[PDB]
Structure formats: structure tokens, C-alpha cells
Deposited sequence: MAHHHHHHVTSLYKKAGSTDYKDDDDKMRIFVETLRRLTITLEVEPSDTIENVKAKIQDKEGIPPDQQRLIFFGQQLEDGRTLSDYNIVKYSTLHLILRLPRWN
């Protein structure tokens, strides 16, 4: 499964991956620390404990990225 993270990058992911697992693969790409990562999907802030299945993250879903303030 491929998803997109907002500039826009694309990640190869599985529906069982947690949000912390997604933030981990973002740090390997963009270098942003996972603590400073805010992932938004459908206006809902994603919690590290939950998986992409809980938020119904499907194919070609777009996750918005906001930095923790202060940046």
C-alpha cells in the first residue's frame, strides 16, 4: 500500500503499521524527529499508539504534516 505525506512525499506502508511506525519512516526520509511530527488525516490528529487501520487509512490516502511548536 502506498500513501502520501504533505511538498509531497510518498511512502510504501502496510495497514497494520502504527503512526509511530509511519513517523519513523518519515524521519529516515525527511529527517524530522518523530516527537516534532504532527500527522493529520481528515482533520484528525493521529496518535502514535493507534495503527493506520484505526483511522481507516486506505490506499493513496494523504497525511498532512505539521511541526510541533516551537519549530
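- What the model leaves out of the deposited chain are the segments 1-27, 34-37, 103-104.
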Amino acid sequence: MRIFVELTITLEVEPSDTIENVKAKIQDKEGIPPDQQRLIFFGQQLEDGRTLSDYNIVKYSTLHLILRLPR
From here on, numbers count along this sequence of modelled residues.
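- Averaged over Cα atoms, the B-factor as recorded in the entry is higher for 24-32 than for the other of 38-46 and 24-32.
- Ranked against the other modelled residues of its chain, the C-alpha B-factor of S16 as given in the entry falls in the highest third.
- In this PDB entry, the Cα temperature factor of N56 sits in the top third of its chain's modelled residues, the highest group.
- When the CA B factors of the chain's modelled residues are split into thirds, the value for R71 lands in the highest one.
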